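In the form deposited in one PDB entry, a lone chain appears below as structure tokens.
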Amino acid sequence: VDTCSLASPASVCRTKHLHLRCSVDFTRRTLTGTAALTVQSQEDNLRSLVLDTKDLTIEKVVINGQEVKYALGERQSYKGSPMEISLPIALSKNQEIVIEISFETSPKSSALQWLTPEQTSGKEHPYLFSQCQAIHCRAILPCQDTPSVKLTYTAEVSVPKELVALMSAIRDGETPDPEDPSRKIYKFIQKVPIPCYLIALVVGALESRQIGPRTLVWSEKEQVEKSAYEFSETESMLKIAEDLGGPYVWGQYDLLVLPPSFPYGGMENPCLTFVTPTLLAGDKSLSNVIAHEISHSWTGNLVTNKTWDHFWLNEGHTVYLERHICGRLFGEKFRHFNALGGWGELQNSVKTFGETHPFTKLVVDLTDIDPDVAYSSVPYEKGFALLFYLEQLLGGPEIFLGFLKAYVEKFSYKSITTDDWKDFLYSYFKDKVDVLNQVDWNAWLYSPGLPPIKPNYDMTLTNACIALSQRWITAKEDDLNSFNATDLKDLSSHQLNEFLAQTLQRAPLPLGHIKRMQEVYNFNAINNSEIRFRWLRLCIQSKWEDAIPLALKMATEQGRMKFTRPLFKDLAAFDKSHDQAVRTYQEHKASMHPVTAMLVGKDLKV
């Protein structure tokens, strides 16, 4: 059972297909049209069914060419309002019908951000983007908003003719709109059954440039050249992923580089990955995020978590594949470096939440919990740590990669639970059951806190990071002079980042140390978002007032929650910036992403 959804479950009825016909109204900030759901009964004598909705206005529901009865239940907070539809004729098991629903979205749709021209790069046109994961599809259209159901889709999207629509689907042509010549209709087909959280739409002044045999990069014209360079490893990564995961089944792999308020590093929307412009470091150094989104083309999009309680399946295996891709490109030592960095991030999350907190369990119980509130690094890094531990228990990366490929093959086009995964692990490694039985399953899967066992990590790339961090931590005032720019000479951007991560784990440091750090290392000059993020957190937590306008600027000039949330929290926790932090949030709140605005609000207790 999916406790995040109010719809009839998959055991009752299944959506097989969505035909979406809609128009994007920028003057009203509404999407208006029809969602025609092809629904298959899983039961005898089915006479009603329920769909998820959230902030939707329903005009009518048509089945067999006539309007039918429906009712909207009371809103259940973040879950939205259940919509019960009265079938005109009782259905037998496996019978299919088409239910056509006329709806309009609200300007406040938690799935959508509507941007004014001023919020864009070009300053001439408005822009719209969606983000359905986890349970925001119901805020665009009535559906069974649960990843336990997979459907294909087709769509026709009418937009102002000077703008471009793109979806998580194959582009299927464009024509002028016969109902309004100031508009174009863009068409889309997704022939691979997907969970509805992977439905995606962007509308904006978009341009494209090809960067590989199956990849266009899309963005506003101002960002096209930089993006094309930043993401040029994309085809190489696809070829590696295909080798590890089996065939890429989605046809194209395009990239869309969003405006700065996109709330995540990326979103694995099929055919069209969405990414933050905060990846544009200029040197490809944040490309692990592309590797990660590419990996979702197998783990997540082919094999899918049945409910959000099992989100680690999606994320753990994806981080696992992600790190293999980068290990193939840059070496096994770098894979170990990133793996160990991940353990560090998990230490951070568990410390932040508290070692007994329910959100530090690998498998979580989301009953009455908003998934956006529960979201963290835990499913990513605790999930990865389990897989990395298993890899080491079961004979190493070659062997475990054989399991991963078989697992993808076994569960493609399906939605699964942790028990499904574990059953298959035991099946695949049947001659190593003795070794599998040594695993503390109850702790790994169901207990809060750090895992019961830490994997073995190569230290080669990490040692210099730890060494330098420890010099700074143990330094007294008379040691500060010995620091110099040459300390960084042999460190990659990755290692600088890990140096800062190490030091941040011990923050605050004395203000004089941090001032010295800026003096000799000039971290203020670094535009790498990951590095700049940790550096500003270190400065604010160490009470450097000079850093306040810098942290405020970063927190607001982009909206990636990974960065915006902790910067606002740090600013709020520093007495000198507290008031300005709260004021800045209040002033920006209406023009922020609705999920981000909600969460920063909660973080700031505002």
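All residue numbers are counted from 1 along the displayed sequence.
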Subject >> 104-112 versus 530-538 - greater average Cα B-factor per the deposited record >> reply: 104-112
Original post:
Which is higher on average in the deposited entry, the C-alpha temperature factors of 290-298 or of 78-86?
Top reply: 78-86
**OP:** Please pick out which of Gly204, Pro379, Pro455, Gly265 has the largest Cα B-factor as recorded in the entry.
**Re:** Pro455
Original post:
Of the choices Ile63, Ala551, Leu51, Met561, which one's C-alpha carries the largest B-factor in the record?
Top reply: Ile63
Original post:
Where does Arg565 sit by CA temperature factor within its chain: lowest, middle or highest third?
Top reply: lowest
Original post:
Compared with the other modelled residues in the chain, in which third is the CA B-factor of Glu477?
Top reply: middle
Original post:
Lowest, middle or highest third of the chain for the C-alpha temperature factor of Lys239?
Top reply: lowest
**OP:** Check where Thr596 lands among this chain's C-alpha B-factors and tell me if it's the lowest, middle or highest third.
**Re:** lowest
**OP:** Could you tell me which third, lowest, middle or highest, the C-alpha B-factor of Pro176 occupies within its chain?
**Re:** highest
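Here the subject shifts to the form solved in complex with a small molecule, a form of this protein not shown in this document.
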Subject >> Single option in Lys562, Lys553, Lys60, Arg47 placed near the small molecule in the entry with it bound, where near means a heavy atom within 4.5 Å >> reply: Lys562
**OP:** Could you tell me which one of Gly265, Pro126, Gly212, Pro193 places a heavy atom within 4.5 Å of the small molecule in the entry with it bound?
**Re:** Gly265
Original post:
in the entry with it bound, does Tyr380 have a heavy atom within 4.5 Å of the small molecule?
Top reply: yes
**OP:** Determine whether any heavy atom of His317 comes within 4.5 Å of a heavy atom of the small molecule in the entry with it bound, and answer yes or no.
**Re:** no
**OP:** Give a yes/no on whether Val439 approaches the small molecule to within 4.5 Å in the entry with it bound, heavy atoms considered.
**Re:** no
**OP:** Find out whether any non-hydrogen atom of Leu504 is located within 4.5 angstroms of the small molecule in the entry with it bound, and reply yes or no.
**Re:** no
**OP:** For the three residues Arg328, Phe388 and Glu391, verify that every one has a non-hydrogen atom within 4.5 Å of the small molecule in the entry with it bound; reply yes or no.
**Re:** no
Original post:
Where does the small molecule sit in the entry with it bound: which of 84-92, 285-293, 228-236, 403-411, heavy atoms within 4.5 Å?
Top reply: 285-293
